[PDB]
Structures are given as C-alpha cells and as structure tokens.
C-alpha cells in the first residue's frame, strides 16, 4: 500500500496473507470458514513450494495469540484465467481445516448483487504490499481509503484504454494506491467485499493508471460452486 498508514491490529479480521514457503506473496480474504479468496496469478511461482495462508495477523513476523498459519488442501484458480491477462483473476484456497473464528479471524460478507459500486464511494484496501517505489516490504498490515473511479474515465485512452470490462472496477491511484503484494487482497465498500486487487504488473500511485479490482459479484456463480465443492 502506498500512501497509507498502519492498520489497527486485527481490525480487519478477514484479512489473509497468502504465502509461499513462509514469504508473503499476496493478500487474500476469508470468505467462508474454510476458504480464502485471492488472485489467480498469485501462485505463478508456487509449483515447487508450499502455499500457506496466515490468518489472524497484524505483523508478519511477531507472535500474536490469534495468528495461525494454515496449510492449503486445494488451490482453485479460475478456469478461464490466463497468464498475460487480468481477466477472471480469482483464486480460491481451501484451508486444511475450518479456521478457528474469533474477534481477530472472521469471514467478510461478499457482494452477491451484480451492480456497480457507485463512483466516488470510499473503499478500504489493506495489505502487506510494498510501501515505497524502492520496494520496501512492511512487517505489519497497512491500509488506505480510495474512491471508486467511474468506468468511463477508467476506460479512456489516457487511462486503461478500453480494457475495463463489466467484471472489473477501478479505484483512484493518485499517490494513495494498492501495489505489488497487495494483489489478491480485498477492496471493501460499506463493510462488504466488492473487489479483489488484480495481480498483473502495473505502475502504482499514478493517477492515469488506476488500480483495477475484480468484481466479486460478477463471479458469484463461480465462487458459490467452488465453495460448495467440499
């Protein structure tokens, strides 16, 4: 997160760190007792390592009573995702067992009605992504509030030049932004999960290159089928 501040510890009990051999790769969001939602490109580099999900965390390194690193039984990238596109950029991770819930670990309700979040709406994004252009990794969870950017502006030649389909949404990126390592994390509006940070490479913090987030409501059939597949 660029331009953000350190989050209140455990104030976002849905927040997940998706890891490869104990290193943070991507954000994620606990959406059911046994399932974490993230972005499909997050496991690009994962084949020879172990994917895990850290729940209950504020610091990535320090001991906290609510922190628990779960193994992943199954990783289910969206079947229409492709390397080289950011369409269908969703991933569902089935934890080894149901997560232990409490005040610091709780699923986030997610948007099931397929209608646009209205523009200018202030949404929360949190993550352990990079905090400066040099690539510095924070140890603890950061967040920022970002206004939703209307799709027509996001589609202008100056911005993303018609790449923003109905299944994606944008947020402003003027200094305050999501960035590398925030990929897969949640964009929350009115206490409901609305978007998942995409996981393609991009500039961060440049107003003409808005952040792009996959609209969960657009994928409700897919999420529901996977979630039921246990």
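Numbering follows the first chain given and starts at 1. Basically, rigid core = biggest C-alpha set you can superpose within 1.5 Å across the two forms.
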- Using RMS Cα distance over all structures and residues, flag whichever of 167-175 and 198-206 lies farther from this form in 7 other deposited structures of this protein after a core fit. 198-206
- Give the stretch, out of 104-112 and 152-160, with the larger mean C-alpha temperature factor in the deposited entry. 152-160
- Query: Per the entry, where is the mean C-alpha temperature factor higher: 75-83 or 89-97?
  - Reply: 75-83
- Message: In terms of recorded Cα temperature factor, pick the maximum from 52, 174, 61, 34.
- Response: 174
- Query: In the PDB entry, which of 204, 193, 42, 169 has its C-alpha at the highest B-factor?
  - Reply: 204
- Pull the Cα B-factor of residue 22 out of the PDB entry and bin it into the chain's lowest, middle or highest third. highest
- Query: Where does residue 10 sit by CA temperature factor within its chain: lowest, middle or highest third?
  - Reply: middle
- Message: Based on the deposited C-alpha B factors for this chain, I'd like to know if residue 144 is in the lowest, middle or highest third.
- Response: highest
- Check where residue 179 lands among this chain's C-alpha B-factors and tell me if it's the lowest, middle or highest third. middle
- Message: Where does the C-alpha B-factor of residue 69 rank in its chain, lowest, middle or highest third?
- Response: middle
